[PDB]
Amino acid sequence: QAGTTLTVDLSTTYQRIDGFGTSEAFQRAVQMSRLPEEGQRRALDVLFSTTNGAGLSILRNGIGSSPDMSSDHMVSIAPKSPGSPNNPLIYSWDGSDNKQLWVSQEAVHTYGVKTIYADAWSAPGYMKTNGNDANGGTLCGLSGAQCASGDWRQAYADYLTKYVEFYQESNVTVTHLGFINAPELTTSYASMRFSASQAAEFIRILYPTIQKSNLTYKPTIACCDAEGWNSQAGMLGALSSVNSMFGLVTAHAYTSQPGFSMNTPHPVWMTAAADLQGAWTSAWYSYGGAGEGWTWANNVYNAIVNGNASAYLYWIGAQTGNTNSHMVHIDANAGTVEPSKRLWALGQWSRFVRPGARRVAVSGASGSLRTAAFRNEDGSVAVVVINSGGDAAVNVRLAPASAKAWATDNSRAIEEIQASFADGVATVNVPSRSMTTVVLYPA
Ligand SMILES: *[C@@H]1O[C@H](CO)[C@@H](O[C@@H]2O[C@H](CO)[C@@H](O[C@@H]3O[C@H](CO[C@H]4O[C@H](CO)[C@@H](O)[C@H](O[C@H]5O[C@H](CO)[C@@H](O)[C@H](O)[C@@H]5O)[C@@H]4O)[C@@H](O)[C@H](O[C@H]4O[C@H](CO)[C@@H](O)[C@H](O)[C@@H]4O)[C@@H]3O)[C@H](O)[C@H]2NC(C)=O)[C@H](O)[C@H]1NC(C)=O
Ligand SMILES: *[C@@H]1O[C@H](CO)[C@@H](O)[C@H](O)[C@H]1NC(C)=O
């Protein structure tokens with residue numbers, strides 16, 4: 001009764017955490033590149049810094065499919081048809097990749113990010129049944145997708161391998177590689193329709209292409225960036241024959257929520273979520289609205305604890321405009337960068353739950369407290385406390401030599417709070433309507 005005691009049971013383990021992150025696809029990287037130098041550095045710091053930012057540990061890039069950079073389109077490394085799929089692809093590398101190469105180089109070389117996930121939303125138009133990287137259509141040569149122009153399946157595998165090679169030659173290792181996005185959805189923008197059976201057919205072609213290549217690191221193939229857990233779970237049966245040839249399951253949080261554990265041997269990443277419809281809000285908590293930082297801290301909780309996610313990526317990091325599609329507002333007029341409390345929600349996770357952490361059991365939670373715990377590779381134990389009540393006296397212990405704690409709330413952005421430590425037990429005052437992380441350090 002001297003506070004509520006949370007007890008971590010290290011002997012009960014769950015999934016590994018690969019990390020937390022976002023994207024700068026569809027020219028959002030270009031928006032960041034336009035800022036003055038101080039704004040560029042502030043945007044990169046708030047995304048990736050483990051000292052003064054969210055410490056995001058994963059970057060997701062788009063493999064551009066478009067003929068040019070009209071609108072927000074991502075130009076392809078091979079934007080012009082070679083006529084026949086038997087002819088060498090025509091590579092036209094611009095040394096930029098829609099400004100994503102720069103963001104990647106900063107993430108890796110400046111901030112120590114080690115996980116780079118490159119995903120194509122479509123093949124180039126000349127490889128597809130409709131001849132266009134937009135408006136759906138399918139990769140020519142897959143079962144049920146004949147094209148007058150012939151079979152482009154091996155050409156698409158060669159093209160994806162070459163994109164990874166261009167990154168390698170620019171000193172960035174792509175670690176994970178996707179070849180579809182929302183394969184169940186036709187849209188006005190870059191989109192491509194594959195069945196689950198077609199995804200397995202293509203993995204059988206892509207895997208040996210990667211393995212035979214001159215790539216120094218062979219990236220892990222991912223599938224399939226469906227728009228929700230329910231749609232992705234429907235694809236896993238057909239994928240199971242190629243489980244030896246890919247190593248990551250990906251899905252978003254749009255058409256359904258990440259609320260159950262999918263039946264796959266692979267780690268599962270939630271690779272895109274956002275309040276796409278909402279006008280810009282910056283607040284941590286007011287009433288649990290769809291754009292509030294509090295809401296997003298709880299969305300991450302749900303994906304990890306209920307959805308068995310090993311990673312969580314918000315859709316976009318920094319971009320211009322007054323929607324909640326992003327975490328960090330760019331004001332091009334002012335040359336300024338202003339994080340929302342959605343950035344700090346994701347960072348309140350990512351700063352303390354580092355890649356390779358193992359989720360472990362913690363008991364003592366309640367109506368007012370939701371808790372989760374993570375054992376980092378360095379032996380630190382991060383205990384997440386999401387508090388929907390008033391200030392709460394909490395003790396945190398293992399069933400350690402020191403402790404620290406940080407909170408995010410309406411007044412704090414991952415700000416240190418007192419963690420009073422005696423004989424292995426941390427005592428904190430978890431602020432009202434906060435997400436607090438208490439970290440127990442080993443001797
Ligand atoms: C939440 O999400 C996580 C993923 O993030 C899910 O974790 C996965 O859980 C499954 C089920 O427990 C794990 O599968 C098991 O893996 C073990 C370990 O295999 C490795 O080490 C073995 C030595 O200890 C070794 O023999 C294995 O080698 C084989 O497998 C590799 C890989 O396929 C292959 O290359 C080799 O040639 C071998 O064939 C491997 O290196 C494995 O031992 C399990 O199988 C045995 O035991 C089961 C009974 O538990 C039995 O039924 C089998 O017949 C067999 O005897 C099994 O495959 C998987 O590794 C986890 N994935 C990750 C990434 O951690 C988790 O399940 C999700 N939770 C929920 C609630 O859904
Ligand atoms: C790999 O590199 C060698 C030597 O440069 C080259 O001859 C070969 O064609 C390359 N293979 C591919 C698939 O790029």
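Heads up: numbering here begins at 1 and tracks the sequence.
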Hey, does the side chain of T115 reach the backbone of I58 with a donor-acceptor pair shorter than 3.5 angstrom?
-> no

Does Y111 offer a backbone N or O that forms a donor-acceptor pair with the side chain of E106 under 3.5 Å?
-> no

Given the side-chain rings of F202 and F179, with only the six-membered ring counted for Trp, is the space between their centroids under 6.0 Å?
-> yes

Answer yes if the ring centres of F352 and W406 are under 6.0 angstrom apart, and no otherwise.
-> yes

Between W349 and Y312, is a ring pair (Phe, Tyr, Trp, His ring centres under 6.0 Å) present by the stated rule, with each step listed?
-> CA-CA 10 Å; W349 287 93; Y312 192 104; 8.6 Å; no

All heavy atoms of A365 vs all of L6, minimum pair found to be N-CD2, 3.8 Å

No-hydrogen, no-angle side-chain donor-acceptor test under 3.5 Å, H252 and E227 | yes

Go through the steps to decide whether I330 and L35 satisfy the test side-chain contact (heavy atoms from CB on, under 4.5 Å), and finish with yes or no.
-> CA-CA 8 Å; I330 301 179; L35 283 161; 3.8 Å; yes

Under 3.5 Å, side chain of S23 to main-chain N/O of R60, donor-acceptor pair present?
-> yes

Test of ring centre spacing under 6.0 Å for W269 and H176 = yes

Donor-acceptor pair between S76 and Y159 side chains, under 3.5 angstrom | yes

Any sub-3.5 Å donor-acceptor pair from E184's side-chain atoms to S231's backbone N or O?
-> no

Residues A157 and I205: closest non-hydrogen pair is CB-CG2, 4.2 Å

Inspect the surroundings of CG in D378 and state if more than 12 heavy atoms from other residues, nucleotides or ligands are less than 6.0 Å away.
-> yes

So, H266 versus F246, ring centres under 6.0 angstrom or not?
-> yes

Ignoring hydrogens and geometry, is there a side-chain-to-backbone donor-acceptor pair from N387 to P431 under 3.5 Å?
-> yes

Please confirm whether the backbone N or O of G291 pairs with a side-chain atom of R342, one donor and one acceptor, at under 3.5 Å?
-> yes

Any side-chain heavy atom of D18 sitting closer than 4.5 Å to one from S310?
-> yes

Test: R433 cationic atom under 6.0 Å from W294 six-membered ring centre, within 45° of axis | yes

Are any side-chain N or O atoms of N308 and backbone N or O atoms of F260, one a donor and one an acceptor, separated by less than 3.5 Å?
-> no

Spell out, as yes or no, whether a donor-acceptor pair under 3.5 Å connects the side chain of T110 to the backbone of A107.
-> no

Any donor-acceptor pair under 3.5 Å from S170 side chain to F166 backbone = yes

Pair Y167 + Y163: ring centers closer than 6.0 Å = yes

Using the six-membered ring wherever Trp is involved, compare the ring planes of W315 and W121 and label them parallel, tilted or perpendicular (cut-offs 30° and 60°).
-> tilted

With a 4.5 Å limit on heavy-atom distance, are the side chains of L398 and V381 in contact?
-> yes

Is a side-chain donor or acceptor of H109 paired with a backbone partner of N171 at a separation under 3.5 angstrom?
-> yes

